[PDB]
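Working notes for the structure below.
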2 protein chains.
Amino acid sequence: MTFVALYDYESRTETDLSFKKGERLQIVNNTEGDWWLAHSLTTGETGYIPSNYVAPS
Amino acid sequence: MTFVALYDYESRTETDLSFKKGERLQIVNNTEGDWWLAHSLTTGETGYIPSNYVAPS
């Protein structure tokens with residue numbers, strides 16, 4: 001439900017949240033799912049993906 | 001381990017991976033953890049956060 005930031009984090013893109021240690025955060029439900037860092041065996045490209053867009057082999 | 005893309009996805013930032021339905025993807029281990037959409041109760045701002053930076057209340 002509710003979480004506390006353990007460290008400062010500075011945003012690197014337009015979509016991430018900057019926060020300071022000690023902030024209280026609540027998880028937002030959304031249709032994309034959690035995001036995972038992934039490597040495409042098909043294209044060789046690498047980056048974050050929305051987990052609801054994929055399924056186990 | 002290995003996953004298959006169920007849908008096309010077009011990148012929206014410099015860090016996400018674009019992929020087509022059918023691509024084979026493998027999860028990359030990294031120090032940040034999975035990313036979650038979160039709302040800061042402290043600042044009112046909202047965006048994605050690295051899960052390894054937070055802990056349950």
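Quick reminder, even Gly has a Cβ in these numbers, built from the backbone with ideal geometry, and neighbours come from all protein chains shown. Laboratory data are not the source of any read-out in this text; all were calculated from the coordinates shown.
Residues of segment B:12-54 that are under 20 Å from residue A:29 (Cβ atoms) and among the small types (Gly, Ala, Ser): B:33, B:38, B:40, B:44, B:47, B:51.
Tallying residues that are part of a loop (DSSP other than H, G, I, E, B) and over 12 Å from residue A:50 (Cβ atoms) within segment B:14-32 yields 11.
Could you run through segment A:44-57 and say how many residues are within 14 Å of residue B:9 (Cα to Cα) and outside any strand (DSSP E or B)? Total satisfying the criteria: 4.
Summed over segment B:5-57, the residues that are of a type in the set (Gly, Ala, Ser), under 17 Å from residue A:46 (Cβ atoms) and surrounded by fewer than 16 Cβ atoms within 10 Å (Cβ to Cβ) give a count of 2. For the condition closer than 15 Å to residue B:8 by Cα and at the interface with chain B (Cβ under 7 Å from one of its Cβ atoms), residue A:9 does not qualify.
Go through the residues of segment B:12-35 one by one and say whether even a single one is closer than 15 Å to residue A:32 by Cβ, more than 15 Å from the chain's Cα centre (by Cα) and facing chain A (nearest Cβ under 7 Å). No, the conditions are met nowhere in segment B:12-35.
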